[PDB]
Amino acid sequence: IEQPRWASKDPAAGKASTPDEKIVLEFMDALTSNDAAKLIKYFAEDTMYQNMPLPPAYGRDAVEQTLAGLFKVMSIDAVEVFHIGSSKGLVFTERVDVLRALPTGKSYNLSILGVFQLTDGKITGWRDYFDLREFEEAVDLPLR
């Protein structure tokens, strides 16, 4: 993953500056496990997950199942966070996830902006925004 032309040049732009930012970067590192049971440990009970072009999941079991499902069809091969910032209970990541569609073997660098809500270091919400059609077209797989 190469730094988009528009990435902020300061190395600090992609690094954590708070406890909550640090947790979210640890979670970003964990994604390439492709392991829903590993990832669910980061979540609060009262949580949700949504890839914004697709329906949301509420509660941990649904979030874990949704992740497990995604990992049956696609792999996260690599994550690079270009930009991170925050407010109380909120962290944002502008990143690229390199995603490989297992039925076709084709990969795509997915440009994602994500938001994480936190309480006491645990994820109460995770929403990723991106264009689904562009991804489908790149890996020759209708996902919707």
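Residue positions are given as counts along the sequence shown, with the first one as 1.
- Just going by the entry, 45-53 versus 62-70 on mean CA temperature factor gives the higher value to 62-70.
- Comparing 12-20 with 127-135, the higher mean C-alpha B-factor in the PDB entry belongs to 12-20.
- In the deposited coordinates, the residue among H83, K88, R100, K38 with the greatest CA B-factor is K38.
- In the deposited coordinates, the residue among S111, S107, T93, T119 with the greatest CA B-factor is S107.
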